[PDB]
């Protein structure tokens, strides 16, 4: 946290560009800069010093100089005072409300929590659950609670079918002392890249987690991806735990290593690694790593029997999950 002031400023710029400007590449440019500065192991003394880092160009360098000189950024000061921008930024904090819906709601005069609450019938299902748990979803999850949640999910999954394997990924697998949500990778031998010998593989697990009242709400659900809400049980006379976001991703069992590389992240780590793969003439998704032909067209899946195999292909030294928090 040597450069917390700078990385906070860049993140706020990132969020502005995403939510208000709807300029997604600016968003990702700012997040990449924040990431590389966050892991830079010196307290930055100037914009020129920061500009040496990949992802920091002239414009961000000038902003860092302004920020270092004054402790603030005029551009941000004004954005903060703009009502429309402030409203749009707020609304997008609701899960299921993105840049477009936020701006549309503001047009219709819906721009506070109070407005949303009295206009529940103007929300889709995802948005309505996002609003319901607005407070809860912004709270952090202590790793100690993540461990309890892990135990429940792994044990309930076992009770459905002992051949299921559930792996908690995301920030939890990277060793984080707190997480924003729980991400669960799921495999079953019936579901491979070659065949699906059993239906409802994901459904069965979701149903069981609902039965024991762990899963409380659903944001979206298909054959391979569940996005919803869960809650730890609490003891007698205890205040309830907050509700938590949970993502579950069923991946073909022979593609587990690509799947667990993907779901472990971070998102910026994946973007960096996938970008590097492309420069090395490969393409990586959660399923496979494939070569790129001269045309750029993806070839056939390369054999993969470990996370490290994927790193090897693109000539990266292996990085343990705890070192992937970019």
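Only the largest set of C-alpha atoms that superpose within 1.5 Å between the two forms is called the rigid core. Positions refer to the first chain, counted from 1.
When the other structures are laid on the shown form by the rigid core, the stretch among 78-86 and 113-121 with the greater C-alpha deviation in 7 other deposited structures of this protein turns out to be 78-86. In 7 other deposited structures of this protein, superposed by the rigid core, the C-alpha atoms of 310-318 lie farther from the shown form than the other of 15-23 and 310-318. Per the compared records, residue 197 is unresolved in at least a third of the other entries whose models span it. When the two stretches 7-15 and 307-315 are set side by side, the higher mean Cα temperature factor goes to 307-315.
Look at the C-alpha B-factors of 260-268 and of 22-30. On average they run higher in 22-30. The PDB entry assigns its highest CA temperature factor, among 174, 197, 128, 253, to 197. The PDB entry assigns its highest CA temperature factor, among 205, 152, 79, 246, to 79. Among the modelled residues of its chain, residue 294 has a C-alpha B-factor that falls in the highest third according to the deposited record.
Among all modelled residues in this chain, the alpha-carbon of residue 93 has a temperature factor (C-alpha) in the middle third.
Ranked within its chain, residue 279 lands in the highest third, by CA B factor from the PDB record. Residue 37: CA B factor lies in the lowest third for its chain, per the PDB record. When the modelled residues of the chain are ordered by their C-alpha B factor, residue 286 lands in the lowest third.
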